[PDB]
file upload.cif (mmCIF, C-alpha atoms and all ligand atoms)
data_data
loop_
_atom_site.label_atom_id
_atom_site.label_comp_id
_atom_site.auth_asym_id
_atom_site.auth_seq_id
_atom_site.Cartn_x
_atom_site.Cartn_y
_atom_site.Cartn_z
CA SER Z 96 6.43 13.17 5.06
CA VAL Z 97 7.59 9.55 4.97
CA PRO Z 98 6.50 6.60 7.14
CA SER Z 99 9.26 4.98 9.17
CA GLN Z 100 10.54 1.59 8.02
CA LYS Z 101 12.66 0.81 11.08
CA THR Z 102 12.27 -2.77 12.30
CA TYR Z 103 10.91 -2.70 15.84
CA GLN Z 104 9.87 -5.84 17.68
CA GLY Z 105 8.47 -3.88 20.63
CA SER Z 106 7.15 -5.25 23.90
CA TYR Z 107 5.37 -8.20 22.28
CA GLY Z 108 8.27 -9.44 20.13
CA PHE Z 109 6.45 -8.75 16.87
CA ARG Z 110 7.91 -9.99 13.58
CA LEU Z 111 6.82 -11.40 10.23
CA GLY Z 112 7.27 -14.85 8.75
CA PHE Z 113 6.99 -16.25 5.25
CA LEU Z 114 6.33 -19.66 3.75
CA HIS Z 115 8.98 -21.54 1.74
CA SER Z 116 7.32 -21.73 -1.66
CA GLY Z 117 10.34 -22.32 -3.91
CA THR Z 118 11.11 -20.84 -7.31
CA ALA Z 119 9.38 -23.13 -9.83
CA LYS Z 120 7.95 -21.42 -12.90
CA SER Z 121 4.43 -22.11 -11.58
CA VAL Z 122 4.89 -20.39 -8.20
CA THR Z 123 2.54 -17.45 -7.62
CA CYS Z 124 4.15 -15.98 -4.49
CA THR Z 125 7.65 -16.58 -3.15
CA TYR Z 126 9.79 -14.86 -0.52
CA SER Z 127 13.55 -14.33 -0.66
CA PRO Z 128 15.18 -14.07 2.79
CA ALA Z 129 18.49 -13.08 1.21
CA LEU Z 130 16.83 -10.07 -0.47
CA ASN Z 131 14.06 -9.54 2.15
CA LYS Z 132 11.82 -9.40 -0.89
CA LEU Z 133 8.46 -10.93 -1.77
CA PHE Z 134 7.81 -11.75 -5.44
CA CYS Z 135 4.20 -12.31 -6.42
CA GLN Z 136 1.77 -12.38 -9.32
CA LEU Z 137 -0.95 -9.79 -9.77
CA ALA Z 138 -3.93 -10.21 -7.42
CA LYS Z 139 -2.74 -13.57 -6.06
CA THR Z 140 -2.76 -14.64 -2.43
CA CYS Z 141 0.32 -13.58 -0.45
CA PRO Z 142 0.37 -15.31 2.96
CA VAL Z 143 2.20 -13.24 5.58
CA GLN Z 144 2.67 -14.73 9.04
CA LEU Z 145 2.58 -12.64 12.19
CA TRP Z 146 4.63 -13.89 15.16
CA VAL Z 147 4.78 -12.58 18.74
CA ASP Z 148 6.49 -13.65 21.95
CA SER Z 149 3.53 -12.58 24.12
CA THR Z 150 -0.16 -11.87 23.61
CA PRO Z 151 -0.98 -8.23 22.71
CA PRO Z 152 -4.06 -6.61 24.31
CA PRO Z 153 -7.59 -6.87 22.92
CA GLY Z 154 -8.05 -4.22 20.26
CA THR Z 155 -4.53 -4.46 18.84
CA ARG Z 156 -4.50 -4.22 15.03
CA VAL Z 157 -2.14 -4.93 12.11
CA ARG Z 158 -1.76 -2.32 9.35
CA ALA Z 159 -0.09 -2.67 5.92
CA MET Z 160 1.12 0.26 3.81
CA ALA Z 161 3.31 0.52 0.71
CA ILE Z 162 6.00 3.15 0.13
CA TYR Z 163 8.51 3.62 -2.65
CA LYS Z 164 11.90 2.19 -1.70
CA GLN Z 165 14.05 4.81 -3.46
CA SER Z 166 14.54 8.00 -1.46
CA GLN Z 167 13.81 10.28 -4.44
CA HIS Z 168 10.31 8.75 -4.70
CA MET Z 169 9.49 8.12 -1.05
CA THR Z 170 7.20 11.14 -0.68
CA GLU Z 171 4.97 9.96 -3.55
CA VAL Z 172 1.87 8.00 -2.55
CA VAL Z 173 1.94 4.42 -3.85
CA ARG Z 174 -1.35 3.86 -5.67
CA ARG Z 175 -2.82 1.77 -8.46
CA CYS Z 176 -2.13 2.90 -12.00
CA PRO Z 177 -4.62 4.77 -14.22
CA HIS Z 178 -5.72 1.51 -15.85
CA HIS Z 179 -6.15 -0.69 -12.78
CA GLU Z 180 -7.89 1.96 -10.68
CA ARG Z 181 -10.64 1.94 -13.36
CA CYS Z 182 -10.96 -1.78 -14.06
CA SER Z 183 -13.93 -2.42 -11.71
CA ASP Z 184 -12.32 -5.36 -9.91
CA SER Z 185 -13.70 -4.21 -6.55
CA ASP Z 186 -14.28 -6.73 -3.78
CA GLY Z 187 -16.94 -4.45 -2.27
CA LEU Z 188 -14.62 -3.12 0.44
CA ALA Z 189 -11.23 -2.02 -0.94
CA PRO Z 190 -11.28 1.36 -2.70
CA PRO Z 191 -10.27 0.87 -6.35
CA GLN Z 192 -7.17 3.07 -5.87
CA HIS Z 193 -5.57 0.88 -3.17
CA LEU Z 194 -2.63 -1.31 -4.15
CA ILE Z 195 -2.79 -3.60 -1.09
CA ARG Z 196 -5.93 -5.57 -0.22
CA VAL Z 197 -6.62 -8.07 2.53
CA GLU Z 198 -8.34 -11.20 1.26
CA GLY Z 199 -11.12 -12.98 3.12
CA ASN Z 200 -11.52 -10.74 6.17
CA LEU Z 201 -14.75 -8.76 6.45
CA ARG Z 202 -13.26 -6.74 9.34
CA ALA Z 203 -10.55 -5.21 7.15
CA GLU Z 204 -10.69 -1.41 7.07
CA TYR Z 205 -9.20 0.76 4.33
CA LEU Z 206 -7.79 4.17 5.20
CA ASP Z 207 -7.15 7.18 2.97
CA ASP Z 208 -5.08 9.32 5.33
CA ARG Z 209 -6.63 12.79 5.55
CA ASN Z 210 -3.21 14.46 5.93
CA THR Z 211 -0.72 12.33 3.96
CA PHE Z 212 -3.19 10.86 1.42
CA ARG Z 213 -1.47 7.51 1.84
CA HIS Z 214 -3.44 4.28 1.64
CA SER Z 215 -3.40 1.47 4.14
CA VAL Z 216 -5.41 -1.58 5.16
CA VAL Z 217 -5.80 -2.60 8.80
CA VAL Z 218 -7.27 -5.71 10.45
CA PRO Z 219 -7.91 -6.69 14.08
CA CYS Z 220 -5.42 -9.06 15.61
CA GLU Z 221 -6.79 -12.53 16.19
CA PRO Z 222 -4.92 -15.27 18.07
CA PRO Z 223 -3.74 -18.39 16.23
CA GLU Z 224 -6.23 -21.17 15.64
CA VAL Z 225 -5.96 -24.17 17.94
CA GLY Z 226 -2.92 -26.16 16.85
CA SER Z 227 -1.16 -23.18 15.24
CA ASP Z 228 1.60 -20.98 16.63
CA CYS Z 229 1.12 -17.91 14.42
CA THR Z 230 -1.59 -16.00 12.59
CA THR Z 231 -1.60 -15.46 8.82
CA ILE Z 232 -2.95 -12.50 6.86
CA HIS Z 233 -3.59 -12.99 3.15
CA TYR Z 234 -2.65 -9.91 1.11
CA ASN Z 235 -3.18 -9.16 -2.57
CA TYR Z 236 -1.21 -6.65 -4.65
CA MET Z 237 -3.40 -5.11 -7.32
CA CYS Z 238 -0.91 -3.65 -9.85
CA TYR Z 239 2.31 -4.85 -11.44
CA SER Z 240 5.55 -3.18 -10.45
CA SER Z 241 5.86 -2.27 -14.15
CA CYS Z 242 2.44 -0.57 -14.50
CA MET Z 243 2.76 2.64 -16.47
CA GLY Z 244 1.56 5.74 -14.65
CA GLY Z 245 1.61 3.82 -11.37
CA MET Z 246 4.61 2.10 -9.82
CA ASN Z 247 6.31 2.41 -13.24
CA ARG Z 248 9.09 -0.12 -12.46
CA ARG Z 249 9.97 1.57 -9.15
CA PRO Z 250 10.53 -0.86 -6.25
CA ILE Z 251 8.23 -0.65 -3.23
CA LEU Z 252 8.35 -1.75 0.38
CA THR Z 253 5.43 -2.99 2.42
CA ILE Z 254 5.51 -1.80 6.03
CA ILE Z 255 3.54 -3.90 8.52
CA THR Z 256 2.79 -2.22 11.83
CA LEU Z 257 1.31 -3.63 15.01
CA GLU Z 258 -0.81 -0.85 16.53
CA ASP Z 259 -2.85 -0.30 19.68
CA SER Z 260 -6.53 0.64 19.56
CA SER Z 261 -5.67 4.35 19.12
CA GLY Z 262 -3.18 3.64 16.32
CA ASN Z 263 -0.03 4.04 18.42
CA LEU Z 264 2.99 2.03 17.33
CA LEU Z 265 3.66 -1.31 19.05
CA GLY Z 266 5.84 -3.06 16.47
CA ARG Z 267 7.04 -2.76 12.90
CA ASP Z 268 8.51 -4.96 10.17
CA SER Z 269 8.86 -4.58 6.41
CA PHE Z 270 9.79 -6.28 3.15
CA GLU Z 271 10.38 -5.27 -0.45
CA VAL Z 272 7.78 -6.38 -3.03
CA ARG Z 273 7.96 -7.04 -6.75
CA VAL Z 274 4.65 -7.78 -8.46
CA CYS Z 275 5.50 -9.58 -11.68
CA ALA Z 276 4.38 -12.25 -14.14
CA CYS Z 277 7.05 -14.84 -13.17
CA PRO Z 278 8.01 -14.50 -9.48
CA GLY Z 279 10.02 -17.74 -9.40
CA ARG Z 280 12.26 -16.74 -12.29
CA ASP Z 281 12.64 -13.19 -11.00
CA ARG Z 282 13.58 -14.40 -7.51
CA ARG Z 283 16.21 -16.72 -9.02
CA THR Z 284 17.59 -13.92 -11.21
CA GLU Z 285 17.82 -11.39 -8.38
CA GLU Z 286 19.37 -13.88 -5.95
CA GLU Z 287 21.94 -14.67 -8.64
CA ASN Z 288 22.63 -10.95 -9.09
CA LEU Z 289 23.11 -10.66 -5.31
CA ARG Z 290 25.58 -13.49 -5.50
CA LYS Z 291 28.14 -12.57 -8.19
CA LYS Z 292 28.22 -9.20 -6.38
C1 LIG Z 301 -5.56 -9.26 20.24
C2 LIG Z 301 -5.29 -10.41 19.61
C3 LIG Z 301 -4.16 -11.31 20.00
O1 LIG Z 301 -3.20 -11.33 18.94
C4 LIG Z 301 -2.33 -12.38 18.94
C5 LIG Z 301 -2.21 -13.30 20.00
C6 LIG Z 301 -1.30 -14.37 19.95
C7 LIG Z 301 -1.23 -15.31 21.11
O2 LIG Z 301 -0.41 -16.27 21.00
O3 LIG Z 301 -1.98 -15.06 22.11
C8 LIG Z 301 -0.49 -14.53 18.82
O4 LIG Z 301 0.40 -15.57 18.75
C9 LIG Z 301 -0.61 -13.62 17.76
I1 LIG Z 301 0.63 -13.93 16.08
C10 LIG Z 301 -1.52 -12.55 17.82
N1 LIG Z 301 -1.53 -11.68 16.72
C11 LIG Z 301 -2.39 -11.65 15.64
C12 LIG Z 301 -1.97 -10.68 14.77
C13 LIG Z 301 -0.81 -10.08 15.30
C14 LIG Z 301 -0.54 -10.72 16.49
ZN ZN Z 302 -1.69 -1.29 -12.76
#
call {"tool": "encode", "arguments": {"input": "upload.cif", "output": "structure tokens", "more": "lines below"}}
Ligand SMILES: C=CCOc1cc(C(=O)O)c(O)c(I)c1-n1cccc1
Ligand SMILES: [Zn+2]
result
Amino acid sequence: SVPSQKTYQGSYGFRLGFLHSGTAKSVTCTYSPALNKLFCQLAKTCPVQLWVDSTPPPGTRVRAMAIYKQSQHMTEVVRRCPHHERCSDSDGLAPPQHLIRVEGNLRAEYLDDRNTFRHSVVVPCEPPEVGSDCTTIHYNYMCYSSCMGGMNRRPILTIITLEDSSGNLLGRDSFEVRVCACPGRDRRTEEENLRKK
């Protein structure tokens, strides 16, 4: 099977937001609205904002999962490559096979789905801090898009779902991801390729 990627704001008006980090050579994470695509370096902080129009109930959670973007690969589980799954870079909580980690949240839970074998990471919703209007989750991507025997240059999407306490769907959003050495240059190149076309 294949997880849905349909954008769904749901009853709470759920959607993502991204910072405006620019495309300088030194940037470590940068989001392209024109491409709906995040470009980031390996194992660097990726801030993803969560926005709602109304407060979801206590016990609501936010899950992240990666799938391959191309239809001919969508049934394959996205996982870390044979090198990175063995490199002993564990944070004590994420299984070494998982591509997506949450940084700095001891309540993150990592799921290996017993039926689909897909990986995901889920955290409890927490309201914005005083003086803020949204909540931010910090994700890390633990393989390059190019890693041989893993993503192997195939594009991926990240699907972010807002879920109730039983795991039922409340909202969904998504974005493409490229994990690469020079996200600023790659964002500029791909936005130029989208122009021209
Ligand atoms: C159960 C926890 C309440 O979750 C929120 C409350 C508010 C609020 O304004 O009351 C909000 O703005 C946000 I964004 C969240 N939220 C956190 C992650 C996804 C949504
Ligand atoms: Zn790798």
call {"tool": "axis_aligned_box", "arguments": {"input": "upload.cif", "around": "segment 269-273 of chain Z", "padding_each_side": "8 Å", "output": "JSON"}}
result
{"center_x": 9.1, "center_y": -5.8, "center_z": -0.2, "size_x": 18.6, "size_y": 18.5, "size_z": 29.2}
call {"tool": "closest_residue", "arguments": {"input": "upload.cif", "among": "Z:162, Z:130, Z:289, Z:145", "to": "residue 223 of chain Z", "atoms": "only C-alpha atoms"}}
result
Z:145
call {"tool": "residues_around", "arguments": {"input": "upload.cif", "residues": "segment 272-287 of chain Z", "least_positions_apart": "3", "cutoff": "9 Å", "atoms": "all atoms listed in the file", "output": "PyMOL selection string"}}
result
chain Z and resi 117-127+129-138+236-241+250-253+290-292
call {"tool": "residues_near_point", "arguments": {"input": "upload.cif", "point": "(-0.6, -0.7, 10.2)", "cutoff": "6 Å", "atoms": "only C-alpha atoms", "output": "list in words"}}
result
residues 157, 158, 159, 217, 255, 256 and 257 of chain Z
call {"tool": "closest_residue", "arguments": {"input": "upload.cif", "among": "Z:214, Z:115, Z:202, Z:110", "to": "ligand LIG 301 (chain Z)", "atoms": "only C-alpha atoms and all ligand atoms"}}
result
Z:110
call {"tool": "closest_atom_pairs", "arguments": {"input": "upload.cif", "of": "chain Z", "to": "ligand LIG 301 (chain Z)", "cutoff": "10 Å", "atoms": "all atoms listed in the file", "output": "CSV"}}
result
residue,atom,partner,partner_atom,distance
Z:107,CA,Z:LIG301,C14,8.6
Z:108,CA,Z:LIG301,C14,9.6
Z:109,CA,Z:LIG301,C14,7.3
Z:110,CA,Z:LIG301,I1,8.6
Z:111,CA,Z:LIG301,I1,8.9
Z:112,CA,Z:LIG301,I1,9.9
Z:144,CA,Z:LIG301,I1,7.4
Z:145,CA,Z:LIG301,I1,4.5
Z:146,CA,Z:LIG301,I1,4.1
Z:147,CA,Z:LIG301,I1,5.1
Z:148,CA,Z:LIG301,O4,7.1
Z:149,CA,Z:LIG301,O2,6.2
Z:150,CA,Z:LIG301,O3,4.0
Z:151,CA,Z:LIG301,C3,5.2
Z:152,CA,Z:LIG301,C1,5.1
Z:153,CA,Z:LIG301,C1,4.1
Z:154,CA,Z:LIG301,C1,5.6
Z:155,CA,Z:LIG301,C1,5.1
Z:156,CA,Z:LIG301,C13,6.9
Z:157,CA,Z:LIG301,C13,6.2
Z:158,CA,Z:LIG301,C13,9.8
Z:218,CA,Z:LIG301,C12,8.5
Z:219,CA,Z:LIG301,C1,7.1
Z:220,CA,Z:LIG301,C12,3.9
Z:221,CA,Z:LIG301,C2,4.3
Z:222,CA,Z:LIG301,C5,3.9
Z:223,CA,Z:LIG301,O4,5.6
Z:224,CA,Z:LIG301,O4,9.2
Z:227,CA,Z:LIG301,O4,8.5
Z:228,CA,Z:LIG301,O4,5.9
Z:229,CA,Z:LIG301,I1,4.3
Z:230,CA,Z:LIG301,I1,4.6
Z:231,CA,Z:LIG301,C12,7.6
Z:232,CA,Z:LIG301,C12,8.2
Z:256,CA,Z:LIG301,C13,9.3
Z:257,CA,Z:LIG301,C13,6.8
Z:258,CA,Z:LIG301,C13,9.3
Z:259,CA,Z:LIG301,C1,9.4
Z:260,CA,Z:LIG301,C1,10.0
Z:266,CA,Z:LIG301,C13,9.7
